[PDB]
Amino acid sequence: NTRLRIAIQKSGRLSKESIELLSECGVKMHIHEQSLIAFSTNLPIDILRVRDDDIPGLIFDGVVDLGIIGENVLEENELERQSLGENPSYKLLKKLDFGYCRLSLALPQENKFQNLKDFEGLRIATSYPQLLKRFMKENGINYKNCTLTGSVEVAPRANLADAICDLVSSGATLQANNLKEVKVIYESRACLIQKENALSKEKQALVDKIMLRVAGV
């Protein structure tokens, strides 16, 4: 249809700043508890509120025009799609001023970390199995996977794993679980991305305008 589709995180760490950025680019809308879609009141724009993990896929499959997502989630999902034999593509428009975090290897507080080789043959729990797999291959370290979507930091205490690969900024969660960060494998921020296949002149024009305004802020 005529309206531009912009996917953002429904509720989590990027939601507040995604909405703030959209407001500053002249997109007026009301966010309440709409399950999926919020309609801009001043421009022909639909805001899709989704789980963050779905946003790369929506961009790859051409379902939405624009997307605001963390680079970690984007790349996790690109790698998955590549390992399926697919050719995911997207246009990067801008790296943004929020969503700063890093994906790091971590061990229990009372361990003797000398070297990356100390991870050899360990069981490593993570929500980012593709990112971890690529890092370990690149550095020639063999390991055992444990994929968990939540409570990753509880995995060593639960005896499910010897170590974790998790997102960190402040270190507070690691500290709470008596773990210590030992090696960063990936640095991330929020980015604005666009699908591959060409937008309408109507829609592309509207994107260029928002983009002009994005640069402004």
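When you see a residue number, it is the position in the sequence shown, counting from 1.
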query: Greater mean Cα temperature factor according to the PDB record, 112-120 or 78-86; finding: 112-120
query: 25-33 versus 145-153 - which carries the larger mean C-alpha B factor in the record; finding: 25-33
query: Candidate residues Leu93, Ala106, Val73, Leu132, the one whose C-alpha B factor the record puts highest; finding: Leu93
query: Record-listed C-alpha B factor of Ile55: chain third; finding: lowest
query: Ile210 - Cα temperature factor, lowest/middle/highest third of chain; finding: highest
query: Ranked C-alpha temperature factor of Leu4 among modelled chain residues, by third; finding: middle
query: Within-chain third of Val182 by Cα B-factor, per the entry; finding: highest
query: Assigned third (lowest, middle, highest) for the C-alpha B factor of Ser170; finding: highest
